[PDB]
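Asker: Following this line is upload_0.pdb, made up of PDB, C-alpha atoms (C1' of nucleotides):
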MODEL        1
ATOM      1  CA  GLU A   5      -1.257   9.575 -30.191  1.00  0.00           C
ATOM      2  CA  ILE A   6      -1.351   7.732 -26.837  1.00  0.00           C
ATOM      3  CA  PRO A   7      -3.070   4.306 -26.993  1.00  0.00           C
ATOM      4  CA  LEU A   8      -5.981   3.746 -24.597  1.00  0.00           C
ATOM      5  CA  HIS A   9      -4.484   0.643 -22.952  1.00  0.00           C
ATOM      6  CA  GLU A  10      -1.565   2.793 -21.832  1.00  0.00           C
ATOM      7  CA  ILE A  11      -4.002   5.211 -20.219  1.00  0.00           C
ATOM      8  CA  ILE A  12      -5.480   2.122 -18.513  1.00  0.00           C
ATOM      9  CA  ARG A  13      -2.159   0.795 -17.208  1.00  0.00           C
ATOM     10  CA  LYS A  14      -1.209   4.207 -15.853  1.00  0.00           C
ATOM     11  CA  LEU A  15      -4.407   4.524 -13.871  1.00  0.00           C
ATOM     12  CA  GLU A  16      -3.729   0.946 -12.665  1.00  0.00           C
ATOM     13  CA  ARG A  17      -0.188   1.843 -11.532  1.00  0.00           C
ATOM     14  CA  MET A  18      -1.832   4.822  -9.787  1.00  0.00           C
ATOM     15  CA  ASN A  19      -4.585   2.902  -8.042  1.00  0.00           C
ATOM     16  CA  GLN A  20      -1.887   0.454  -6.777  1.00  0.00           C
ATOM     17  CA  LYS A  21       0.014   3.332  -5.190  1.00  0.00           C
ATOM     18  CA  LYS A  22      -3.133   4.590  -3.421  1.00  0.00           C
ATOM     19  CA  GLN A  23      -3.806   1.179  -1.966  1.00  0.00           C
ATOM     20  CA  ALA A  24      -0.212   0.885  -0.828  1.00  0.00           C
ATOM     21  CA  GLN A  25      -0.400   4.275   0.927  1.00  0.00           C
ATOM     22  CA  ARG A  26      -3.701   3.423   2.599  1.00  0.00           C
ATOM     23  CA  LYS A  27      -2.308   0.079   3.754  1.00  0.00           C
ATOM     24  CA  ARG A  28       0.761   1.800   5.167  1.00  0.00           C
ATOM     25  CA  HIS A  29      -1.385   4.375   7.012  1.00  0.00           C
ATOM     26  CA  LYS A  30      -3.881   1.812   8.274  1.00  0.00           C
ATOM     27  CA  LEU A  31      -1.085  -0.312   9.774  1.00  0.00           C
ATOM     28  CA  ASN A  32       0.609   2.703  11.329  1.00  0.00           C
ATOM     29  CA  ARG A  33      -2.664   3.602  13.090  1.00  0.00           C
ATOM     30  CA  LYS A  34      -3.402   0.044  14.246  1.00  0.00           C
ATOM     31  CA  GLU A  35       0.072  -0.046  15.782  1.00  0.00           C
ATOM     32  CA  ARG A  36      -0.556   3.189  17.699  1.00  0.00           C
ATOM     33  CA  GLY A  37      -4.052   1.906  18.531  1.00  0.00           C
ATOM     34  CA  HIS A  38      -5.582   4.960  16.895  1.00  0.00           C
ATOM     35  CA  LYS A  39      -9.172   4.780  15.586  1.00  0.00           C
ATOM     36  CA  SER A  40     -11.467   7.484  14.213  1.00  0.00           C
ATOM     37  CA  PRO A  41     -14.820   8.122  15.853  1.00  0.00           C
ATOM     38  CA  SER A  42     -16.444   6.233  12.932  1.00  0.00           C
ATOM     39  CA  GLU A  43     -13.966   3.368  12.934  1.00  0.00           C
ATOM     40  CA  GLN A  44     -14.619   3.186  16.684  1.00  0.00           C
ATOM     41  CA  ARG A  45     -18.413   3.245  16.422  1.00  0.00           C
ATOM     42  CA  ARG A  46     -18.130   0.613  13.718  1.00  0.00           C
ATOM     43  CA  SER A  47     -16.023  -1.906  15.685  1.00  0.00           C
ATOM     44  CA  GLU A  48     -18.235  -1.416  18.720  1.00  0.00           C
ATOM     45  CA  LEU A  49     -21.348  -2.293  16.763  1.00  0.00           C
ATOM     46  CA  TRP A  50     -19.513  -5.416  15.534  1.00  0.00           C
ATOM     47  CA  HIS A  51     -18.354  -6.611  18.975  1.00  0.00           C
ATOM     48  CA  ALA A  52     -21.868  -6.070  20.343  1.00  0.00           C
ATOM     49  CA  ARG A  53     -23.292  -8.181  17.521  1.00  0.00           C
ATOM     50  CA  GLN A  54     -20.755 -11.010  18.014  1.00  0.00           C
ATOM     51  CA  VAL A  55     -21.902 -11.237  21.641  1.00  0.00           C
ATOM     52  CA  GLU A  56     -25.558 -11.354  20.564  1.00  0.00           C
ATOM     53  CA  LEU A  57     -25.007 -14.023  17.883  1.00  0.00           C
ATOM     54  CA  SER A  58     -23.292 -16.335  20.409  1.00  0.00           C
ATOM     55  CA  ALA A  59     -26.328 -15.801  22.699  1.00  0.00           C
ATOM     56  CA  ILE A  60     -28.373 -17.344  19.866  1.00  0.00           C
ATOM     57  CA  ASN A  61     -25.627 -20.022  19.663  1.00  0.00           C
ATOM     58  CA  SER A  62     -26.197 -20.965  23.337  1.00  0.00           C
ATOM     59  CA  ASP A  63     -29.901 -21.363  22.400  1.00  0.00           C
ATOM     60  CA  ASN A  64     -28.812 -24.666  20.757  1.00  0.00           C
TER
ATOM     61  CA  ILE B   4     -21.499   0.966 -16.325  1.00  0.00           C
ATOM     62  CA  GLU B   5     -23.568   4.023 -15.241  1.00  0.00           C
ATOM     63  CA  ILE B   6     -20.940   6.776 -14.554  1.00  0.00           C
ATOM     64  CA  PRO B   7     -20.639   9.820 -16.880  1.00  0.00           C
ATOM     65  CA  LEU B   8     -17.478  10.570 -18.842  1.00  0.00           C
ATOM     66  CA  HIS B   9     -17.367  14.209 -17.699  1.00  0.00           C
ATOM     67  CA  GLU B  10     -17.027  12.976 -14.071  1.00  0.00           C
ATOM     68  CA  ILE B  11     -13.970  10.959 -15.013  1.00  0.00           C
ATOM     69  CA  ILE B  12     -12.478  14.011 -16.770  1.00  0.00           C
ATOM     70  CA  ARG B  13     -13.201  16.152 -13.651  1.00  0.00           C
ATOM     71  CA  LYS B  14     -11.831  13.575 -11.206  1.00  0.00           C
ATOM     72  CA  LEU B  15      -8.594  13.490 -13.222  1.00  0.00           C
ATOM     73  CA  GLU B  16      -8.481  17.306 -13.392  1.00  0.00           C
ATOM     74  CA  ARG B  17      -8.727  17.285  -9.581  1.00  0.00           C
ATOM     75  CA  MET B  18      -5.943  14.710  -9.226  1.00  0.00           C
ATOM     76  CA  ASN B  19      -3.729  16.675 -11.580  1.00  0.00           C
ATOM     77  CA  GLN B  20      -4.088  19.950  -9.616  1.00  0.00           C
ATOM     78  CA  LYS B  21      -3.020  18.029  -6.476  1.00  0.00           C
ATOM     79  CA  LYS B  22       0.007  16.654  -8.311  1.00  0.00           C
ATOM     80  CA  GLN B  23       0.979  20.170  -9.387  1.00  0.00           C
ATOM     81  CA  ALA B  24       0.373  21.355  -5.826  1.00  0.00           C
ATOM     82  CA  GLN B  25       2.826  18.771  -4.565  1.00  0.00           C
ATOM     83  CA  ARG B  26       5.549  19.710  -7.045  1.00  0.00           C
ATOM     84  CA  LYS B  27       5.170  23.316  -6.068  1.00  0.00           C
ATOM     85  CA  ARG B  28       5.459  22.533  -2.387  1.00  0.00           C
ATOM     86  CA  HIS B  29       8.379  20.186  -2.956  1.00  0.00           C
ATOM     87  CA  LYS B  30      10.054  22.559  -5.458  1.00  0.00           C
ATOM     88  CA  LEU B  31       9.843  25.585  -3.113  1.00  0.00           C
ATOM     89  CA  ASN B  32      10.977  23.486  -0.149  1.00  0.00           C
ATOM     90  CA  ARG B  33      14.113  22.586  -2.061  1.00  0.00           C
ATOM     91  CA  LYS B  34      14.720  26.255  -2.966  1.00  0.00           C
ATOM     92  CA  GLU B  35      14.691  27.250   0.705  1.00  0.00           C
ATOM     93  CA  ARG B  36      17.317  24.659   1.540  1.00  0.00           C
ATOM     94  CA  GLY B  37      19.294  25.534  -1.614  1.00  0.00           C
ATOM     95  CA  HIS B  38      19.065  21.900  -2.735  1.00  0.00           C
ATOM     96  CA  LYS B  39      19.504  20.828  -6.387  1.00  0.00           C
ATOM     97  CA  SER B  40      19.618  17.324  -7.825  1.00  0.00           C
ATOM     98  CA  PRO B  41      22.803  16.476  -9.745  1.00  0.00           C
ATOM     99  CA  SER B  42      20.893  17.051 -13.014  1.00  0.00           C
ATOM    100  CA  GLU B  43      19.491  20.412 -11.834  1.00  0.00           C
ATOM    101  CA  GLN B  44      23.103  21.478 -11.122  1.00  0.00           C
ATOM    102  CA  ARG B  45      24.295  20.502 -14.639  1.00  0.00           C
ATOM    103  CA  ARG B  46      21.365  22.343 -16.252  1.00  0.00           C
ATOM    104  CA  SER B  47      21.955  25.553 -14.291  1.00  0.00           C
ATOM    105  CA  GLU B  48      25.704  25.536 -14.976  1.00  0.00           C
ATOM    106  CA  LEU B  49      25.146  25.059 -18.719  1.00  0.00           C
ATOM    107  CA  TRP B  50      22.637  27.925 -18.655  1.00  0.00           C
ATOM    108  CA  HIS B  51      24.895  30.318 -16.700  1.00  0.00           C
ATOM    109  CA  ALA B  52      27.677  29.344 -19.162  1.00  0.00           C
ATOM    110  CA  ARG B  53      25.523  30.257 -22.211  1.00  0.00           C
ATOM    111  CA  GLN B  54      24.512  33.531 -20.502  1.00  0.00           C
ATOM    112  CA  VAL B  55      28.078  34.643 -19.628  1.00  0.00           C
ATOM    113  CA  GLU B  56      29.187  33.739 -23.183  1.00  0.00           C
ATOM    114  CA  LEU B  57      26.705  36.346 -24.498  1.00  0.00           C
ATOM    115  CA  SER B  58      28.253  39.252 -22.549  1.00  0.00           C
TER
ATOM    116  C1'   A C   1      17.899  31.526 -13.826  1.00  0.00           C
ATOM    117  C1'   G C   2      13.459  29.499 -15.032  1.00  0.00           C
ATOM    118  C1'   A C   3       8.795  26.616 -17.419  1.00  0.00           C
ATOM    119  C1'   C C   4       6.828  21.784 -17.640  1.00  0.00           C
ATOM    120  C1'   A C   5       6.875  16.584 -16.735  1.00  0.00           C
ATOM    121  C1'   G C   6       8.103  11.369 -15.439  1.00  0.00           C
ATOM    122  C1'   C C   7       9.774   7.766 -11.800  1.00  0.00           C
ATOM    123  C1'   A C   8      10.702   6.211  -6.777  1.00  0.00           C
ATOM    124  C1'   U C   9      10.400   6.494  -0.991  1.00  0.00           C
ATOM    125  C1'   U C  10       7.140   8.264   2.704  1.00  0.00           C
ATOM    126  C1'   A C  11       3.678  10.920   7.093  1.00  0.00           C
ATOM    127  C1'   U C  12      -1.215  12.574   9.227  1.00  0.00           C
ATOM    128  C1'   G C  13      -6.710  13.497  10.237  1.00  0.00           C
ATOM    129  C1'   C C  14     -11.742  12.395   9.123  1.00  0.00           C
ATOM    130  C1'   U C  15     -15.899  10.194   6.532  1.00  0.00           C
ATOM    131  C1'   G C  16     -18.858   6.395   3.878  1.00  0.00           C
ATOM    132  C1'   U C  17     -20.297   1.243   2.136  1.00  0.00           C
ATOM    133  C1'   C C  18     -20.393  -4.121   2.784  1.00  0.00           C
ATOM    134  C1'   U C  19     -19.578  -8.519   6.134  1.00  0.00           C
TER
ATOM    135  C1'   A D   1     -12.677  -7.782  13.963  1.00  0.00           C
ATOM    136  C1'   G D   2     -12.080  -7.391   8.775  1.00  0.00           C
ATOM    137  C1'   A D   3     -12.885  -6.071   3.548  1.00  0.00           C
ATOM    138  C1'   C D   4     -13.393  -1.893   0.119  1.00  0.00           C
ATOM    139  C1'   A D   5     -13.692   3.228  -0.917  1.00  0.00           C
ATOM    140  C1'   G D   6     -13.890   8.688  -0.697  1.00  0.00           C
ATOM    141  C1'   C D   7     -12.204  13.703   1.101  1.00  0.00           C
ATOM    142  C1'   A D   8      -8.517  16.592   3.332  1.00  0.00           C
ATOM    143  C1'   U D   9      -3.584  18.051   5.065  1.00  0.00           C
ATOM    144  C1'   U D  10       1.600  16.970   4.187  1.00  0.00           C
ATOM    145  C1'   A D  11       7.558  15.255   3.722  1.00  0.00           C
ATOM    146  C1'   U D  12      11.838  13.287   0.630  1.00  0.00           C
ATOM    147  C1'   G D  13      15.305  11.704  -3.583  1.00  0.00           C
ATOM    148  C1'   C D  14      16.271  11.310  -8.532  1.00  0.00           C
ATOM    149  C1'   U D  15      15.589  11.750 -14.055  1.00  0.00           C
ATOM    150  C1'   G D  16      14.010  14.022 -18.627  1.00  0.00           C
ATOM    151  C1'   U D  17      12.166  17.913 -21.996  1.00  0.00           C
ATOM    152  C1'   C D  18      11.863  23.018 -23.559  1.00  0.00           C
ATOM    153  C1'   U D  19      14.130  28.441 -22.885  1.00  0.00           C
TER
ENDMDL
END
Translate the structure of the given file into C-alpha cells.
Answerer:
Amino acid sequence: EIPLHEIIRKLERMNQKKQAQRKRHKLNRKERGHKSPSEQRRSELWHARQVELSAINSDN
Amino acid sequence: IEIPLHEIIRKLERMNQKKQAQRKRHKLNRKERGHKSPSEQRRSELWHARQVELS
RNA sequence: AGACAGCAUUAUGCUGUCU
RNA sequence: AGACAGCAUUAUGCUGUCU
C-alpha cells in the first residue's frame, strides 16, 4: 500500500504547481496593467491610507 | 488542526474530476487534429496488427 | 480501436483574508 | 503597493498500464 509521506509529497508537488501558475498569471496581469474590481478597490484603500499616515508623519 | 477529514476527501474528489475533465478536453482535441504521440502510434499499430492476424 | 493513469510546458476572468 | 488563498473557464507535448 502507498505510504502516507508519499501522499504528502504529491500534494506538495501539487501545491507548488498552483503557486507557480498563480505567479505566472499575476505577473502577466501586472504587465498588462490589468486589475480586478476587488484588486482595484484594495490598492486604492492602501494608497489613501499611505497618504493619511504621512499626514500624521508631518504632525512631528 | 480543526478541519474535518471528509472535507479533504471531497476537495480531492473535486480536484480529480477537474483532472479528468482536462484529459477529456485534451484527448478529444487531439482526436480532431488526428494527433497521436509516438507511443500512441506504436500501441495502435500493434493492436491493428493483432486484429488483422485474427481474420 | 479503445479504457485508465503519470510527468512536463502554458493562457484567462473574478472573489476573499492579512499588512 | 505587497503577502497569502479560494472559485471558475481553458491550451499543448510526451510516457506508462490494461483490452
Asker: I'd like the interatomic distance between CA of residue 48 (chain B) and CA of residue 24 (chain B), to a tenth of an Å.
Answerer: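 A separation of 27.3 Å between them.
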Asker: Neighbouring residues of residue 48 (chain A) were defined as those with any atom within 10 Å, considering all atoms listed in the file; residues of the same chain fewer than 6 positions away were excluded. Please report them as a PyMOL selection string.
Answerer: (chain A and resi 42+54) or (chain D and resi 1)
Asker: Please produce a file of the residues just selected, as a PDB file, in the frame of the given file, where the atoms kept are C-alpha atoms (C1' of nucleotides).
Answerer:
ATOM      1  CA  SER A  42     -16.444   6.233  12.932  1.00  0.00           C
ATOM      2  CA  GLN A  54     -20.755 -11.010  18.014  1.00  0.00           C
TER       3      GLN A  54
ATOM      4  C1'   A D   1     -12.677  -7.782  13.963  1.00  0.00           C
TER       5        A D   1
END
Asker: How would you write, as a PyMOL selection string, the residues chosen by the PyMOL selection byres ((chain C) within 9 of (chain A)) on this structure?
Answerer: chain C and resi 10-15
Asker: Expressed in Å to a single decimal, how great is the separation between CA of residue 37 (chain B) and CA of residue 20 (chain B)?
Answerer: 25.3 Å
Asker: For residue 6 (chain D), please output as a PyMOL selection string all residues within 12 Å (counting only C-alpha atoms (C1' of nucleotides); exclusion window: fewer than 2 positions along the same chain).
Answerer: (chain A and resi 22+26) or (chain B and resi 14) or (chain C and resi 14-17) or (chain D and resi 4+8)
Asker: Given the PyMOL selection byres ((chain B) within 10 of (chain C)) and the file above, list the residues it selects as number ranges by chain.
Answerer: B: 47-48, 50-51, 54
